[PDB]
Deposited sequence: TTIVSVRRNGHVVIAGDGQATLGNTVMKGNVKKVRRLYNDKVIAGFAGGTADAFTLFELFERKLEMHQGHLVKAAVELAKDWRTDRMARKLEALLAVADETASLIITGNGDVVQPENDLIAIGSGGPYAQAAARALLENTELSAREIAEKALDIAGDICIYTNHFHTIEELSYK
């Protein structure tokens, strides 16, 4: 799996592949790993088992309403509620911030709001970081291009894309 998030110029996106691997075989190639939440002003991407991550969605989407729609707090609260047999990673972003929510119940603020998680995560991070620091490409162009390179390199990442973008100020 590979989930990428890039933020640039009042835009933020999350892109994910669609590969589901069982052993050395592809079960499915069109998995939707990126969705919108909270009246479509919150975007999220997941890596891991479809169940555990879907648990996290509701569990997170709940905390969003339960906390006004405040991204950071909703995530922080959730860090306590998971602190139990789940293994998945969650990439979450809105107009204000971008974070990662992990299995142990950690909440992580990526360095430049650049998120790259999954098996193919580090490869996408390398491509994204490169494009960020040496081009004037858009957050959507960078995330998409980084995801293709990751799929080219990671055996467990493909070339099916789901991309959700968020325009703001």
Deposited residues without C-alpha coordinates, grouped into stretches that follow sequence order: 84 to 88
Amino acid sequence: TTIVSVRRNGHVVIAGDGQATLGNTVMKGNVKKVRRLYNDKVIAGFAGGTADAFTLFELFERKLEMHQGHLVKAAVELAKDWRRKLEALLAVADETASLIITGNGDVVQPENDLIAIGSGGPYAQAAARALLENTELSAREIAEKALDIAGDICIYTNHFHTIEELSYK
From here on, numbers count along this sequence of modelled residues.
Entry-level comparison of average CA B-factors, 117 to 125 and 54 to 62, reporting the higher stretch: 54 to 62
The stretch whose C-alpha atoms carry the larger average B-factor in the entry, 131 to 139 or 22 to 30, is 131 to 139
Which listed residue, 105, 45, 110, 69, has the largest C-alpha temperature factor in the record? 69
Within this chain's modelled residues, let me know which third the CA B factor of residue 162 belongs to: lowest, middle or highest. middle
